[PDB]
Amino acid sequence: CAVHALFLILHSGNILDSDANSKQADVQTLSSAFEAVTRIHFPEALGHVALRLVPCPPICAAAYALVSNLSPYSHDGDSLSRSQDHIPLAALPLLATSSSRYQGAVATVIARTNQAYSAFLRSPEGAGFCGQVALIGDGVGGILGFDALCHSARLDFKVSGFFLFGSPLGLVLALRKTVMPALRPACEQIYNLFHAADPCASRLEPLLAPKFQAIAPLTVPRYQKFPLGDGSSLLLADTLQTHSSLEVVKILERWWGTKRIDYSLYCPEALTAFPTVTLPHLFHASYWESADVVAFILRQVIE
Amino acid sequence: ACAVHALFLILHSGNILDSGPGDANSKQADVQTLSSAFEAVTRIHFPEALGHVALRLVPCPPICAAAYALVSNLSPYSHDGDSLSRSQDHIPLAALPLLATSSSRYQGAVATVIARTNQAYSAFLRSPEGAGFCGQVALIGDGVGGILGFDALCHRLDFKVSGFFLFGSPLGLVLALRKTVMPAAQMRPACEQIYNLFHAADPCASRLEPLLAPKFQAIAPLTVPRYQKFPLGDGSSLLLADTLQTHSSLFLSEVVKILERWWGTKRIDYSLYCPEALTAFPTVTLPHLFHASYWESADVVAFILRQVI
């Protein structure tokens, strides 16, 4: 009597953004990609997946402005000229999530997630819907989503799996861990997806178990050769046992889900050599049309 | 009685890129480079003050080491141990001072710096060269050392500091964070003047002035003249009032407010000459170049000497 899988997309936008319809352009790109891949490789699920926009605030805007004002070329008006300057990308999520206005942003996000969720149910397509619900957040949106998932008894629904697209969340958490050194997402699994060449890329796993510094992130297979996976396991237990050299059960409890968390998307090495100002757009847009990503997600939903 | 008229204490935390414990006989090499530059400039352009200036090392902690390690472990290439291999990935230089000064143990480091600054100051006094010394004292800090020095000055030091010189310090970012965590100024340093010296192409370079008066955004940093072309300065003014008078267009009394709020009578943001090519250099190579450049920079030495004489 309805579709089987709901993706609520928390879209704050490119971290350098300082537009709502555009967000729907992104979501519509992603849905078009979904059905394009689904038709070819997942025909059992064709038209069995729904994607809905949740417009989230650009919490890093103020940080970007401040940091721009502190630049040695702040007085200079030529945008061409400022295209060369070192943008402190890493500082932006720290400043943004250290703002007193941040909690407000999280509350706001929870509110509009609830609104979109209660807009889908009362829609014709979502009438009679009983399926799993997933959250997808872009680089900035992901942070807001995570913090929304940690909060105490207000999401109207239970979230099944959470996906982060090139999110610097790991950095944010690190800061917290430093400020309050003594120290649980409300979801069945977290997927930290990133391109290695992305300056906003941060692992999450070593924050749960430090020894995972020594373990490579799982690879996201390329869609051209392994559309239905490469037969490798995603489960944490199997990774723990391959790396038997440390107990282990002491890691299964803390873990955010039963699967691994850090996932490395394919990316040319050339992108590392790009001008800083140009990288956040490329990466932010890439997710919405990435066949690797949509195929990955589709492989996580068919189970 | 005694010959030195001005004592420079150099707070040397080292290049922001070394997680390793600071060798305190490699810092003295830097200090000795700086002093040699000092005498090189003095002998030609400031002969009145020959042998009347002393430079002494104050070995400061590499407070960003732990942060560097942490952020490296969070790298998508964390499993790779090879430094050559991990010498091309993205170093989040900006995050390092924020994480370092957000530690619940930094204050300890600030305290450490004060203990060793006092110890150096009281090592100079009981030294033959500093016996009977009553002259002015100035602080020089490298990029990280500058942050520690600033925090030491903002409310313990046995002496009064006329001047405070920062070499490519990301201090400005730290303050921004602070100003962000709590928008509740109090961070007025106890010195007669602060000189924020930077190369624009330096990834750690950040202005301080827009934090004191925000539309100093629209006012360029003062330029530090090239020694080869203007060994004695280009005769332009360093006083804040003259800049406020030159820009008056932007203020209307908000002009009197800035004068008292301000750290000293001179401007704070100073731009050293730098090729723009250097902006296109790999980030991993820049902290070394810029940290190294100060100790033998004639621009810097001439500037400082013009502020002391």
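Positions of Cβ are generated from backbone atoms using ideal geometry, with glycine treated the same way; all protein chains shown enter the neighbour counts. Only the coordinates and a few stated rules stand behind these numbers; no lab work does.
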Total residues in the stretch B:98-108, condition under 17 Å from the mean Cα position of the chain (by Cα) and either more than 9 Å from chain A (Cβ to nearest Cβ) or over 25 Å from B:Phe290 (Cα atoms) (or both): 1
Index of the failed condition, A:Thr178 passing every other in (1) assigned to a helix (DSSP H, G or I); (2) surrounded by fewer than 17 Cβ atoms within 10 Å (Cβ to Cβ): (2)
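Can you pull out the residues in the stretch B:183-204 that are among the aliphatic types (A, V, I, L, M), away from chain A (no Cβ under 14 Å) and in a loop (DSSP other than H, G, I, E, B)?
Matches in the stretch B:183-204: B:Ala185, B:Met187, B:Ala190.
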Among (1) more than 27 Å from B:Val41 (Cα to Cα); (2) within 12 Å of another protein chain (Cβ to nearest Cβ); (3) surrounded by fewer than 23 Cβ atoms within 10 Å (Cβ to Cβ), which single condition is B:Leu222 missing? (1)
The one condition B:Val255 fails out of (1) among the aliphatic types (A, V, I, L, M); (2) within 14 Å of another protein chain (Cβ to nearest Cβ); (3) surrounded by fewer than 17 Cβ atoms within 10 Å (Cβ to Cβ) is (2)
For the stretch A:275-289, give me each residue that is over 16 Å from B:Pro76 (Cβ atoms) and surrounded by fewer than 22 Cβ atoms within 10 Å (Cβ to Cβ). A:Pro275, A:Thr276, A:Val277, A:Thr278, A:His281, A:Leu282, A:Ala285, A:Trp288, A:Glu289
Does the stretch B:153-167 contain any residue that is surrounded by 22 or more Cβ atoms within 10 Å (Cβ to Cβ), touching a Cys at 6+ places or on another chain (Cβ under 6 Å) and facing chain A (nearest Cβ under 9 Å)? no
Which fully enclosed helices (runs of 4 or more DSSP H) of the stretch A:60-136 have 2 or more residues being farther than 23 Å from A:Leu149 by Cβ? A:61-69, A:79-82
Quick check on this structure: which one of A:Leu246, A:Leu207, A:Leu240 is part of a loop (DSSP other than H, G, I, E, B), of a type in the set (A, V, I, L, M, F, W, C) and either in contact with a helix residue (DSSP H, G or I) (Cβ under 6 Å, 6 or more places away or on another chain) or more than 12 Å from chain B (Cβ to nearest Cβ) (or both)? A:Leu246
Within the stretch B:63-82, considering residues that are surrounded by fewer than 19 Cβ atoms within 10 Å (Cβ to Cβ) and more than 9 Å from every other protein chain (Cβ to nearest Cβ), the one farthest from B:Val113 (Cα to Cα): B:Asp82
